[PDB]
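Residues per chain are reported as follows:
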Amino acid sequence: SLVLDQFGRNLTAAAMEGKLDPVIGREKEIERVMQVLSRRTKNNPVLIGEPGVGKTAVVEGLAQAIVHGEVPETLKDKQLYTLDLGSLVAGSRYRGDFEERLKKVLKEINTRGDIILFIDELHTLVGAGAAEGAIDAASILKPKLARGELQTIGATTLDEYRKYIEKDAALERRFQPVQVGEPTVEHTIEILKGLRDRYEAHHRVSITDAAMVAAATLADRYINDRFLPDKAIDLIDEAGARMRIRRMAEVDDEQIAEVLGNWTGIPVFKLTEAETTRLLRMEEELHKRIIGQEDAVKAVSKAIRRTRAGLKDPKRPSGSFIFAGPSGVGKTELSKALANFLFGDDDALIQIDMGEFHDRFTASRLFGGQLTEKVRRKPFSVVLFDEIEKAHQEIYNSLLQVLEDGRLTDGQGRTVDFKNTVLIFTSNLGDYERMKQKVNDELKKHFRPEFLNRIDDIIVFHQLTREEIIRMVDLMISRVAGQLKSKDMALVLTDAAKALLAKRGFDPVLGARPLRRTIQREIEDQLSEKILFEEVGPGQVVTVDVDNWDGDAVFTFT
Amino acid sequence: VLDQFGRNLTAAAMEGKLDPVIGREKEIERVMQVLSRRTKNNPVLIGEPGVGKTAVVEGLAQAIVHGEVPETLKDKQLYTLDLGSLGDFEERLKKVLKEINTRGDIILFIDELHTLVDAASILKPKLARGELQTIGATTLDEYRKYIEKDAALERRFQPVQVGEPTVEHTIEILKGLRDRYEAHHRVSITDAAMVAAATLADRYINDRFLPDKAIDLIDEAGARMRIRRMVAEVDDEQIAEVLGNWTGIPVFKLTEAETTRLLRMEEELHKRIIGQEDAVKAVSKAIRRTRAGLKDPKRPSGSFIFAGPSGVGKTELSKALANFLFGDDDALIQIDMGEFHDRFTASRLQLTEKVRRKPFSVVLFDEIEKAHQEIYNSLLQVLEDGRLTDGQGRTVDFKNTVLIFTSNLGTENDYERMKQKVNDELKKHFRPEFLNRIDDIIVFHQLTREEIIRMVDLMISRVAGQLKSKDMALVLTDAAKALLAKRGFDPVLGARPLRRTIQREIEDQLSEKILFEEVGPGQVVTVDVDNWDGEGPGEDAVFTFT
Ligand SMILES: Nc1ncnc2c1ncn2[C@@H]1O[C@H](COP(=O)(O)OP(=O)(O)O)[C@@H](O)[C@H]1O
Ligand SMILES: Nc1ncnc2c1ncn2[C@@H]1O[C@H](COP(=O)(O)OP(=O)(O)O)[C@@H](O)[C@H]1O
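In this report, the structure presented in the accompanying data block is examined. For every chain, the first residue of the written sequence is numbered 1, i.e. counting runs from 1 onward, and this need not coincide with the entry's numbering; residues without coordinates are not included. Chain A is the first chain written and ligand 1 is the first ligand written, with later ones labelled in order. Within a larger assembly, only the chains shown are considered here, and all values are given for them alone. As a rule here, side-chain values come from all non-hydrogen atoms in the structure, and water together with hydrogens is ignored.

Focus: the overall build of chain B
Turning to step 1, where the next piece is worked out: Strands here mean DSSP runs of E at least two residues long; helices mean DSSP runs of H or I at least four residues long; both are numbered from the N terminus. Tallying secondary structure elements over chain B gives 23 helices and 16 strands in all.
Turning to step 2, where the next piece is worked out: Along the three orthogonal principal directions, the C-alpha set of chain B runs to about 105 × 65 × 50 Å.
Turning to step 3, where the next piece is worked out: For chain B, with 546 residues in total, the buried portion stands at 49%.
Turning to step 4, where the next piece is worked out: Each accessible area value is a Shrake-Rupley result obtained with a 1.4 Å probe; residue values ignore everything except the protein chains displayed when judging cover. In the structure as shown, chain B presents an accessible area of about 27,400 Å², 53% of it carried by carbon and sulfur atoms.
Turning to step 5, where the next piece is worked out: Positive and negative side-chain charges of chain B, numbering 80 and 93 respectively, have mean locations separated by a distance of 4 Å. With a 1.4 Å probe rolled over the protein chains alone, any residue whose accessible area is under 20% of its type maximum counts as buried; one over 50% counts as exposed, and the rest are partly exposed. Here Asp and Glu are counted as negative and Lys and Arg as positive; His is not counted, and neither are the chain ends. By convention, the point assigned to a charge is CZ for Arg, NZ for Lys, CD for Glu and CG for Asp.

Remarks on the overall build of chain A
Turning to step 1, where the next piece is worked out: When its secondary structure is counted, chain A shows 25 helices and 17 strands.
Turning to step 2, where the next piece is worked out: Values of the radius of gyration come from C-alpha atoms, whereas the globule rule sets the reference at 2.2 Å times the count of residues to the power 0.38. Its C-alpha radius of gyration of 32 Å places chain A more than 25% over the 24 Å reference for a compact globule of 558 residues.
Turning to step 3, where the next piece is worked out: Principal axes of the C-alpha set define a box for chain A whose edges measure 105 × 60 × 50 Å.
Turning to step 4, where the next piece is worked out: Put simply, chain A has 558 residues, and 48% of those count as buried.
Turning to step 5, where the next piece is worked out: Averaging the locations of the 82 positively and 91 negatively charged side chains of chain A gives two centres separated by 4 Å.

Concerning the site of ligand 2
Residues and elements named next belong to chain B.
Turning to step 1, where the next piece is worked out: The environment of ligand 2 is formed by 15 residues, the closest being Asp 19, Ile 22, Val 51, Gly 52 and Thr 54.
Turning to step 2, where the next piece is worked out: Between ligand 2 and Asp 19 there is a distance of 2.4 Å, counted from an oxygen atom to a side-chain nitrogen or oxygen.
Turning to step 3, where the next piece is worked out: Polar contact is the term for a pair of N or O atoms within 3.5 Å; when the atoms are in protein, one must be able to donate a hydrogen and the other to accept it, and sequence-neighboring residues count only if both atoms are side-chain atoms. Here an oxygen atom of ligand 2 and a backbone polar atom of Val 51 are 2.6 Å apart.
Turning to step 4, where the next piece is worked out: Against a free-state accessible area of 570 Å², the protein chains account for coverage of 78% of ligand 2.
Turning to step 5, where the next piece is worked out: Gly is placed with the polar residues, together with every amino acid not listed as nonpolar (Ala, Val, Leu, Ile, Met, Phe, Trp, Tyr, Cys and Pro) or charged (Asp, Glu, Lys and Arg). Of the residues belonging to the shell around ligand 2, the class tally is 8 nonpolar, 3 polar and 4 charged. One heavy atom suffices: a residue is near a molecule or strand as soon as one of its heavy atoms comes within 4 Å of it.

Remarks on the pattern of salt bridges
Residue and element names in this part refer to chain A.
Turning to step 1, where the next piece is worked out: What counts as a salt bridge is simple: a side-chain nitrogen of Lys or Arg found within 4 Å of a carboxyl oxygen of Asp or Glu. What the rule picks out here adds up to 39 salt bridges over all chains.
Turning to step 2, where the next piece is worked out: The partner of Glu 238 in a salt bridge is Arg 242, with the nearest N and O atoms 3.4 Å apart. Of this pair, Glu 238 and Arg 242 both sit in helix α11 (residues 230-247), 4 residues apart, roughly one helical turn.
Turning to step 3, where the next piece is worked out: What makes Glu 238 buried here is its relative accessible area of 3%.
Turning to step 4, where the next piece is worked out: Note that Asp 474 and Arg 471 form a salt bridge whose closest N and O atoms lie 2.9 Å from each other. With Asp 474 and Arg 471 both in helix α23 (residues 466-484) and 3 residues apart, this pair spans about one turn of that helix.
Turning to step 5, where the next piece is worked out: Exposure remark for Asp 474: the relative accessible area of 26% places this residue in the partly exposed category.

Some words on the sheet that holds strand β1 (residues 45-48) of chain A
All names here are of chain A.
Turning to step 1, where the next piece is worked out: Read across the sheet, 5 strands follow the order β2-β3-β4-β1-β5 without closing on themselves; strand pairing throughout is parallel. Looking at which strands have only one partner, the edges of the open sheet turn out to be β2 (79-84) and β5 (176-179). The mean angle between the axes of side-by-side strands here comes to 25°, regardless of whether they run parallel or antiparallel.
Turning to step 2, where the next piece is worked out: The pairing criterion is simple: DSSP has to find at least two bridges between the two strands. Of the strand pairs in this sheet, β1 and β5 are connected by 4 bridges, and their pairing is parallel. Bridge pairing in β5 places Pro 45 opposite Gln 176. Each axis is a line fitted through C-alpha atoms, and for a helix only the stretch in contact is used; angles between axes span 0 to 180 degrees, taken between their N-to-C directions.

Observations regarding helix α21 (residues 432-446) of chain A
Residues and elements named next belong to chain A.
Turning to step 1, where the next piece is worked out: Every helix has an expected span of 1.5 Å times one less than the residues it contains. Over its 15 residues, α21 runs 21 Å from end to end, which matches the ideal 21 Å to within 8%, given 1.5 Å per residue.
Turning to step 2, where the next piece is worked out: Those residues of α21 that fall on the buried side of the exposure criterion are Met 435, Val 439 and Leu 443. Seen end-on, α21 carries its buried residues on one side only, within an arc spanning 60°.
Turning to step 3, where the next piece is worked out: Close packing links the buried residues of α21 with α22 (449-454) and β14 (457-460). Arc definition: it is the arc formed by the directions from the helix axis to the C-beta atoms. What makes two residues a contact is simply this: any of their non-hydrogen atoms within 4.5 Å.

Notes on the site of ligand 1
Turning to step 1, where the next piece is worked out: Taken together, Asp 21, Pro 22, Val 23, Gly 52, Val 53, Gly 54, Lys 55, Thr 56, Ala 57, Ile 191 and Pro 229 of chain A together with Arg 155 of chain B are the residues near ligand 1.
Turning to step 2, where the next piece is worked out: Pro 22 of chain A places a main-chain nitrogen or oxygen 3.4 Å from a nitrogen atom of ligand 1.
Turning to step 3, where the next piece is worked out: Coverage of ligand 1 by the protein chains reaches 86% of its 550 Å² of free accessible surface.
Turning to step 4, where the next piece is worked out: Tallying contributions element by element places helix α3 (residues 55-68) of chain A first for the shell around ligand 1, with 3 residues.
Turning to step 5, where the next piece is worked out: By residue class, the composition of the shell around ligand 1 is 6 nonpolar, 3 polar and 3 charged.

Structural notes on the packing of helix α21 (residues 449-469) of chain B against helix α23 (residues 496-516) of chain B
The geometry of a pair of packed helices is captured by two quantities: the angle between their axes and the separation between those axes.
Residue and element names in this part refer to chain B.
Turning to step 1, where the next piece is worked out: At a minimum axis separation of 11 Å, α21 and α23 run at an interaxial angle of 35°. In the crossing of α21 with α23, the sense of the turn from one axis to the other is right-handed. In this structure, α21 contributes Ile 452, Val 456, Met 459, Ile 460, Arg 462, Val 463 and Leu 467 to the contact, and α23 contributes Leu 498, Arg 499, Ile 502, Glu 507 and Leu 510.
Turning to step 2, where the next piece is worked out: Grouping the amino acids of the contact of α21 with α23 by side-chain chemistry returns 9 nonpolar, no polar and 3 charged. A crossing counts as left-handed when the near helix is turned anticlockwise from the far one by less than a right angle, and as right-handed when that turn is clockwise.

Quick word on the environment of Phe 109 of chain B
Turning to step 1, where the next piece is worked out: Residue position: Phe 109 of chain B is located in strand β4 (residues 106-111).
Turning to step 2, where the next piece is worked out: Discounting residues that sit within four places of it in the chain, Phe 109 of chain B has contacts with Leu 45, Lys 53, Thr 54, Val 57, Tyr 79, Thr 80, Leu 81, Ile 135, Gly 136 and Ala 137 of chain B.

Observations regarding the interface of chain A and chain B
Turning to step 1, where the next piece is worked out: Between chain A and chain B, the contact holds 38 residues from the first and 42 residues from the second.
Turning to step 2, where the next piece is worked out: Here's the idea: put two parts together, see how much 1.4 Å probe accessible area each one loses, and the total over both is what we call buried area. For the chain A face of the interface with chain B, the top three residues by lost area are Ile 245, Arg 365 and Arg 516 of chain A, together amounting to 15%.
Turning to step 3, where the next piece is worked out: Here chain A is connected to chain B by 8 salt bridges.
Turning to step 4, where the next piece is worked out: In this structure, the salt-bridge partner of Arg 37 of chain B is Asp 234 of chain A, at a minimum N-O distance of 2.8 Å.
Turning to step 5, where the next piece is worked out: Counting every contact that joins chain A to chain B gives 17 residue pairs in polar contact.
Turning to step 6, where the next piece is worked out: Within the residue set of the side of chain A that touches chain B, elements represented by two or more residues are α9 (185-203), α11, α23 and α25 (515-532) of chain A.
Turning to step 7, where the next piece is worked out: No other element matches the 9 residues that α25 of chain A contributes to the side of chain A that touches chain B.
Turning to step 8, where the next piece is worked out: The class makeup of the residues in the side of chain A that touches chain B is 10 nonpolar, 9 polar and 19 charged.

As for the environment of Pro 20 of chain B
All names here are of chain B.
Turning to step 1, where the next piece is worked out: Looking at the element boundaries, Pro 20 is found in the loop between β1 (6-8) and α2 (25-35).
Turning to step 2, where the next piece is worked out: You can call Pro 20 partly exposed: its relative accessible area is 27%.
Turning to step 3, where the next piece is worked out: For the pair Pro 20 and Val 65, spaced 45 residues apart in sequence, the C-alpha to C-alpha distance is 12 Å.
Turning to step 4, where the next piece is worked out: Sequence-distant contacts of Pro 20, defined by excluding residues within four places in its chain, comprise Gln 62, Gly 176, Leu 177 and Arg 180.

Here we look at the nonpolar core
Turning to step 1, where the next piece is worked out: For this analysis, a nonpolar core means a set of buried residues of the types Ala, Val, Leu, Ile, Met, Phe, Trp, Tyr and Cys, connected via side-chain atoms within 4.5 Å. In this structure, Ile 375, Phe 405, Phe 434 and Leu 435 of chain B are the most contacted members of the largest nonpolar core, which totals 33 residues.
Turning to step 2, where the next piece is worked out: Of all the elements in the fold, those that place two or more residues in this core are β9 (302-307), β10 (333-336), α17 (351-357), β11 (363-366), α18 (373-385), β12 (402-407), α19 (413-428) and α20 (432-436) of chain B.
Turning to step 3, where the next piece is worked out: The greatest single-element share of this core, amounting to 6 residues, is contributed by α18 of chain B.
Turning to step 4, where the next piece is worked out: Discounting chain neighbours no more than four positions away, the residues touching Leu 435 of chain B are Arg 517 of chain A together with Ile 305, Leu 426, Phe 430 and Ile 441 of chain B.

Right, dumping it as structure tokens:
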């Protein structure tokens, strides 16, 4: 009463006043908690669930049930109070100040006799004040909780409850777990529709139903750091705040798209649900960053189109393709373009090389895992598994069981979800039909036939045309000039210079992979030492020309 | 009543006492985002120290006074509360918060919000009641230590980040504060002096942080200009002498144009290291072409490969580079991957703390051949993005560190085929892509006889100086020098056995001889070799002392 207000807020008084957001569709959990509160002894329920699902919202709905009057006789006229243990632990720089405040609180509850306590952060009840063996909050609340005199409600998390409270059997037998469900998409839509009036009053903006649908279907499908529905309500509230500061109107999909793109860094035009427009123009979107391989681009575009269609059974990974051919043809930047188009991030792709990890000890590092950690952070990521030749049998067993099941069984005891990830196997093993037959019967004589039958599409990359090599050289001098424009370097590459760069930078036995080693050693070091020794300066065009070979050669940086 | 228990900000801008802010529009707009919300409407300002956590608050106050804020912040007054002005304290704080609730349009600024977490007995519930609109200002590490682990606080506080401004942004901040500081100190400041101050602040100062690290320099320079005067212009020389007084660094030509400092490497390194002048000029031209900013500025400033025997000059080259580039040998950090051969030691990548101690420091990653695979992955990540994801959770900047990989792999036409086998073995024993991200690969050369004797003379210079400390005299002949070089000749392992040969032959015998007390004080000691012709192995040759 006069001391409880200094540590918490009267939910019941605000419920009469009417400052509580209403809850819809959580009647089962409210009824279960009301069932537990109706017990004679051990009437303390603990709400078990992930943060951000609505446990405090469930308790507020219970308070709304208290004020309106749909509760039994033993919950009638019971003032609900909330307490935080952080406001009691803090200030205990002396022997027993925390215990003094807690005892004053309990004495006030005993005098009032009609208070149900909400003490969130229930996990610190064992550790508050002194250590776990000495006199703590648990050690003083235990002989009062078990006799059904102090009605308290907790709120914790699965792992939190399991490895704090379940260790203490005496506390476990005093708290009844009431599991709180993670709401579905329709539940979030219904809650947003219910809170439409409150946020219209607060923000003075009009909110549309399509905005709610888009907010929910992007919150659950880009954001994975937490769970529904705090993310969606935060999104719509921040969009309303954005309009409220930009006005000095009507909420549509553009505003929620731009605020979530601000959240994630993904560009706004990709967030709106014009996915058919994405798949219509995806070929030139992929081709502006890839070079050549027109048949490969067409094959992968049709494959991605049929896999995104969803007409297949929803028990399969979204993508599983074999990339074969000589090294350096462009499979890596092809995967990079895939990561850019499908998810809007170049770093959303996970790049692991499997040839270095041989034994089961490194297989523990693989799964049990960094791949597991990244697909738990964000399951909607393309995965790269290079060098499938050198793996050992347990790795093939794990890969094929992931393929056939869509699930991965790690050493951390979580079956991660791979229903939307894209599996890319860039293996250098092994005219187009002859190559398909060669890779097919080579895989049959090396792998199991089920691996070949399980894969979706096999894509073969041909050799790069010399003109396409010149095109890649032009592409790289574009970025070289872009990074050199700070000193006004306008570089001009003559055709003979292009031919010599293509000759020195491309090794047919090694593919195009040594390009990055060749290009800086043959161009950037020379221009850098010419800049340092003042042969050329800023504000002048550098036209490089090469002699002694027009179709040991010396280059001139004119 | 808050006037005697706190300091106003919106009413402080009436007199113009608050300093102007420059270029903080994005952070102020994010604060505008957060303050105009119904849930999580109290922003907390996360920033590394000395950046302007308060400066955005005076910027918001100036925006409120000038009138570029939405309707919810009309007629909002900002108050900073002081705990010094606050039984009686509890009721005073209670009546202050009740007056805030009664007024209804007072927004509070509290710095170091983790200190609230003996005022927690008052604010914690009535903040939960929602009648305070508040902006917090806390460093990220106390945020993670106190607020993030307290689950009852994230329902009302939302994080916003205040990063380090760029150097041009700091120049603009100095340009903004020019009028105030010129008014107060009645001294004149040059724009070139300001840009030099920003650059040298980023260069020679580590403990303090931008942009306070430049503004304190400018105030200090103006103060010392006042001291030297009692037609005043603060210039680059003033900033250089401020840094010389501050960091204890000299000021003659080292706080100057960097091109002259980078073009003189050969003589100053040759002052310490011995020979290998081809590798010296190769690594000198490599660091010249890499550190000049001509590379992409989002990558490490250097990546070096010194293949060769251990302790035969590559470690000496590293020590000389540390002594030249930054003036100190202690910034050179010694990491060898021989000790980091297990995953538990590999996840330690003692590494973050000492490189955060001095970001402008060289690094040594020794024996990369026996490094772990997770070490390979981390080095590949560092080479690719130029950053690092530590266990603490901050990106350690590598715009400034140069990478040195000292390895014993592979150990002029003979040296040509040695370089051929070095590149072949980095192609096969290592992956090609790891060495593809390396600026240059240079291989050391085996020592010649003159190189060995100029090891020998400076090796014996230590004991010669010790003898001069006792007023002795040491003289060596050329025949004894040649024999002593031949005894220590071990090309497989290098110059380390030369230390042992010197120790067993010269120093030990002379330490016994000075105790024998016949060639002690007042006589020059001259070593000589007899019973030796000049070609023999030296088995019949005995050192003699005169
Ligand atoms: N069914 C619901 N009805 C009303 N509000 C809800 C519902 N589910 C979630 N919320 C909102 O989600 C936010 C987080 O819920 P809350 O239980 O208070 O904290 P947490 O779920 O993070 O423990 C609250 O602001 C609440 O208003
Ligand atoms: N953009 C800016 N414009 C003007 N002044 C600035 C700017 N950024 C920082 N400052 C000045 O630099 C000083 C640094 O303040 P700081 O110590 O970071 O505050 P806090 O202690 O709250 O973190 C401030 O007093 C401010 O006047």
